[PDB]
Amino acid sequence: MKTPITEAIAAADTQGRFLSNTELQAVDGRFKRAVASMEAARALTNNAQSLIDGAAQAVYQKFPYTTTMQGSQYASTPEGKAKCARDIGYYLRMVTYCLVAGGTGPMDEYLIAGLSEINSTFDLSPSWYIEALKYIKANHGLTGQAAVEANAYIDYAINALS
């Protein structure tokens, strides 16, 4: 899994080397940035339920057709609404994991590999999920370098959906 610490080892091992100063500087940078990353992960975790509930309603107001058309891909039935709320929580939960590890590794392995196949096969639109992520960004209530950390990972996911 890609983190600032596993990347450092990978470069030494690839070339057959012991770790050097070049690599130790990287890992200290990681350790210093962690105070802000944790502040953000805790806040997002504590307010998770209202963020998910508000994000789903934002999607339904932007694309009203998803609450009326017939089809198992839509949120026109109680089961479909249940499934949409679950996906949005998957996305939030992967952001907190990235912050705790100090990089993109978790979202790469658990979510972004296979994403475009799954969306095409079950007839799910990227634009729906982008709208939800924009709502979380605008309302997480964070300030300063902790808001910076949260936004860098949310924007990472938006780019993969574009």
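Start at 1 with the first residue shown and count on from there.
Novice: For the stretches 35 to 43 and 90 to 98, which has the higher mean C-alpha B-factor as given in the deposited record?
Specialist: Higher mean C-alpha B-factor in the PDB entry: 35 to 43.
Novice: So 104 to 112 or 66 to 74, which one's hotter by mean CA B-factor in the entry?
Specialist: Higher mean C-alpha B-factor in the PDB entry: 66 to 74.
Novice: When the CA B-factors of 122, 60, 135, 129 are compared as recorded in the entry, which is the largest?
Specialist: By C-alpha B-factor in the record, 129 ranks first.
Novice: Rank-wise, by C-alpha B-factor, drop residue 48 into the lowest, middle or highest third of its chain.
Specialist: Within its chain, residue 48 is a highest-third residue by C-alpha B-factor, going by the deposited values.
Novice: For residue 10, does the deposited CA B-factor place it in the lowest, middle or highest third of the chain?
Specialist: For residue 10, whose C-alpha B-factor we compare with every modelled residue in the chain, the answer is the highest third.
Novice: Could you look up the Cα B-factor of residue 20 in the entry and say which third of the chain it sits in: lowest, middle or highest?
Specialist: As the PDB entry reports it, the C-alpha B-factor of residue 20 lands in the middle third of its chain.
Novice: Consider only the C-alpha atoms of the modelled residues in this chain, order them by B-factor as the entry records it, and name the third containing residue 150: lowest, middle or highest.
Specialist: Highest third.
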